[PDB]
Amino acid sequence: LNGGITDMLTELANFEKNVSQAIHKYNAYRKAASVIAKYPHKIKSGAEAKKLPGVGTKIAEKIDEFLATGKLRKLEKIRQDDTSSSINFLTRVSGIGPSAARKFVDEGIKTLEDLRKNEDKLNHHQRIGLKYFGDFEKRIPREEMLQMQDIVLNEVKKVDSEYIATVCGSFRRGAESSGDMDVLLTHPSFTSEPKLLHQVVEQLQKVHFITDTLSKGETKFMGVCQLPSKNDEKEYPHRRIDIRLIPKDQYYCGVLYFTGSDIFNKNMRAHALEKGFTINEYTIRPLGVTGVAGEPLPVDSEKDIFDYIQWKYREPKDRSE
DNA sequence: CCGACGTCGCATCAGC
DNA sequence: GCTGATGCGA
DNA sequence: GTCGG
Ligand code: NA
Ligand code: NA
């Protein structure tokens with residue numbers, strides 16, 4: 001419908017983030033693309049688009065040029081710019097952000113082939129990113145996520161039967177494919193007021209599900225994993241997996257949040273204000289008359305939170321908005 | 001006109 | 001060596 | 001770049 005326009009805007013968004021280092025303009029272009037992607041008519045003028053929340057003057061001007069000519073002069077130029085297109089491209093490697101990519105490109109390093117010739121100039125994280133460059137840009141079909149979940153719930157339970165683990169993200173909401181796996185972990189010995197994460201990571205490296213580590217501390221693990229290769233069949237791609245340990249009395253707040261979607265969370269947080277509650281990723285708190293937040297309220301399920309705000313429990317499946 | 005635009009854990013850097 | 005800033009991804 | 005106090 002408006003694929004032309006939203007690829008244009010998404011492409012422009014990337015140059016802002018990666019080359020210009022203008023994070024807010026990146027987010028403006030993305031938000032403009034989203035609204036346009038949802039617009040159920042083929043757009044005829046920038047004026048038509050400007051009416052949508054997140055489309056201003058400059059993007060209207062650009063939509064008009066694209067409609068009249070089928071291209072954007074600035075984008076054509078940017079796209080053919082040797083420096084910018086390389087900087088933009090290197091940020092596709094996980095761990096190479098806009099600043100490292102600018103440095104690489106300053107000293108001549110432009111391509112994966114170049115990154116490969118200069119491993120010693122990469123931190124740990126960036127090497128992993130480079131190694132799994134193709135695998136990381138693949139999506140993960142739901143089927144494989146169920147298999148991955150099977151493994152993670154098994155090996156958690158097998159470390160200590162009292163752990164609670166939940167695979168969140170769009171997967172929890174029923175999505176047909178995911179970008180990564182987001183695992184939220186908790187245990188009744190850990191509240192707000194030991195080795196609980198290391199032990200679980202250890203078990204998953206021990207049965208060869210976890211294959212690499214990006215980062216790991218007391219509360220959050222970022223790394224890589226892979227389903228076991230079925231007899232003589234082709235090996236599965238390597239996948240991104242995060243695991244976070246969350247205090248028991250903040251866990252359901254964490255699950256609700258990390259399940260999303262972003263839009264859904266936005267609605268609920270708003271609805272929660274007008275009902276006198278502040279909900280962050282951690283806690284739900286009451287708001288006194290002058291706007292001052294009281295003690296985090298006890299939460300023992302996702303549902304407890306909905307109750308607090310006089311809303312009816314909605315399944316992850318329908319938390320689309 | 002002009003500031004907000006999310007916030008934070010971890011790894012690694014810059015400064016002392 | 002320690003502490004805070006910054007880059008990064010989410 | 002867009003919005004809104
Ligand atoms: Na507008
Ligand atoms: Na990157």
Side-chain angles (χ1 to χ4, degrees), chain A residues 5-6 8-36 46 49-63 72 74-75 87 90-104 120-130 132-133 136-137 167-171 178-185 197-198 201 212-224 239-247 250 253-254 257-263 265-266 268-270 278-283:
Chain A
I5 290 151
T6 67
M8 160 172 99
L9 299 182
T10 302
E11 207 162 331
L12 278 174
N14 299 327
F15 294 93
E16 302 292 352
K17 173 171 58 105
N18 304 329
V19 173
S20 285
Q21 302 182 192
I23 186 67
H24 307 302
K25 297 190 179 208
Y26 156 78
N27 290 306
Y29 277 117
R30 251 159 101 244
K31 158 190 203 184
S34 278
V35 65
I36 282 161
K50 197 170 184 286
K51 312 215 288 211
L52 301 170
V55 180
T57 282
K58 298 278 214 72
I59 288 190
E61 260 140 50
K62 312 203 163 79
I63 278 167
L72 249 217
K74 270 172 227 227
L75 186 57
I87 292 182
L90 301 192
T91 61
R92 287 159 56 184
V93 183
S94 164
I96 293 175
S99 164
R102 191 91 108 76
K103 288 186 33 156
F104 285 143
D120 50 308
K121 280 171 189 198
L122 274 42
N123 62 34
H124 184 57
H125 179 147
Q126 290 156 344
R127 281 163 204 181
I128 302 298
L130 169 56
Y132 302 117
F133 182 84
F136 283 3
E137 278 175 350
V167 185
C168 302
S170 76
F171 168 73
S178 307
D180 55 6
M181 170 167 280
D182 205 351
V183 189
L184 272 52
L185 188 64
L197 181 62
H198 163 107
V201 173
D212 297 88
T213 303
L214 294 168
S215 63
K216 169 158 121 70
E218 285 157 16
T219 45
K220 180 182 210 174
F221 168 83
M222 304 170 68
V224 189
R239 309 291 203 190
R240 283 272 303 102
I241 185 176
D242 297 347
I243 302 179
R244 342 175 201 246
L245 184 70
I246 293 183
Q250 300 180 174
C253 275
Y257 178 75
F258 288 110
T259 299
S261 54
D262 297 333
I263 293 173
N265 288 337
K266 216 270 181 177
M268 195 175 164
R269 287 177 168 207
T278 196
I279 308 176
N280 62 23
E281 37 152 351
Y282 302 124
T283 57

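We name chains A, B, ... by the order of the sequence lines, and we start the count at 1 in each one.
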Rounded to whole Å, CG of A:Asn18 lies from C1' of C:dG9 at a distance of 13 Å
Base, sugar-phosphate, or nothing for A:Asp182, non-hydrogen atoms under 4.0 angstrom? nothing
For A:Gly54 and A:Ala32 the tightest heavy-atom approach is O-CB, 3.6 Å
For C:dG9, take OP1 and OP2 only and decide whether either is under 4.0 Å from a side-chain N or O of A:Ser215. no
What do the steps show when you test A:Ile241 against A:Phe221 for side chain to side chain contact (heavy atoms under 4.5 Å, CB included), and what is the final call? CA-CA 8 Å; A:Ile241 185 176; A:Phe221 168 83; 4.1 Å; yes
I need the CE-P distance between A:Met222 and B:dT12, as an integer number of Å. 13 Å
Could you measure between the two P atoms, the one in B:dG6 and the one in D:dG4, and give it in whole Å? 15 Å
Taking A:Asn123's backbone N and O only, do any of them form a donor-acceptor pair with A:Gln126's side chain (distance below 3.5 Å, no angle check)? yes
Whole-Å distance between C:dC8 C1' and A:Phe136 CZ? 14 Å
How is A:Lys31 classified with respect to the nucleic acid when contacts are heavy atoms under 4.0 Å: base, sugar-phosphate, or nothing? nothing
Measure CZ/A:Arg102 against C1'/C:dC8 and give the value in whole Å, please. 17 Å
Would you kindly give the CG-to-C1' distance between A:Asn123 and C:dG9, to the nearest whole Å? 12 Å
N or O in side chain of A:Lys62 less than 4.0 angstrom from D:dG1 OP1/OP2: yes
Protein N or O to nucleotides 4-7 of chain B N or O, pairs below 3.5 Å:
{"residue": "B:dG6", "atom": "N2", "partner": "A:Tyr257", "partner atom": "OH", "Å": "3.1"}

Taken to the nearest 0.5 Å, the spacing of A:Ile63 CD1 from A:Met8 CE works out to 5.0 Å
With side chains defined as the heavy atoms from C-beta onward, is the minimum distance between A:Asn14 and A:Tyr26 less than 4.5 Å? yes
Any base atoms under 4.0 Å from A:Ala22, or only sugar-phosphate, or nothing? Heavy atoms, all strands. nothing
Test side chain to side chain contact (heavy atoms under 4.5 Å, CB included) applied to A:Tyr257 and A:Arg269, step by step: CA-CA 10 Å; A:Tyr257 178 75; A:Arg269 287 177 168 207; 3.3 Å; yes
Flag if over 12 foreign heavy atoms under 6.0 Å of CZ, A:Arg102: no
Just wondering, do A:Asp242 and A:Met181 contact through their side chains at under 4.5 Å, heavy atoms? no
From the set D:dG1, C:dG9, C:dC8, return the single nucleotide nearest to any side-chain atom of A:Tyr29. D:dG1
Taking DNA chain D as the partner, which of residues 51-58 of chain A come within under 4.0 angstrom of it by heavy atom? A:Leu52, A:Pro53, A:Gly54, A:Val55, A:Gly56, A:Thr57, A:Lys58
What nucleotide among D:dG1, B:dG9, B:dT12 has an atom nearest to a side-chain atom of A:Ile59? D:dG1
Sugar-phosphate only, base, or nothing, as touched by A:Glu16 at under 4.0 Å among non-hydrogen atoms: nothing
Are more than 12 heavy atoms, taken from residues, nucleotides or ligands other than A:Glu281, located less than 6.0 Å from that residue's CD atom? yes
From the list A:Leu90, A:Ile87, A:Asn18, side chain to side chain contact (heavy atoms under 4.5 Å, CB included) partner of A:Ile96 resolves to A:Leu90
Any A:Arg240 side-chain N or O less than 4.0 Å from OP1/OP2 of C:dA10: yes
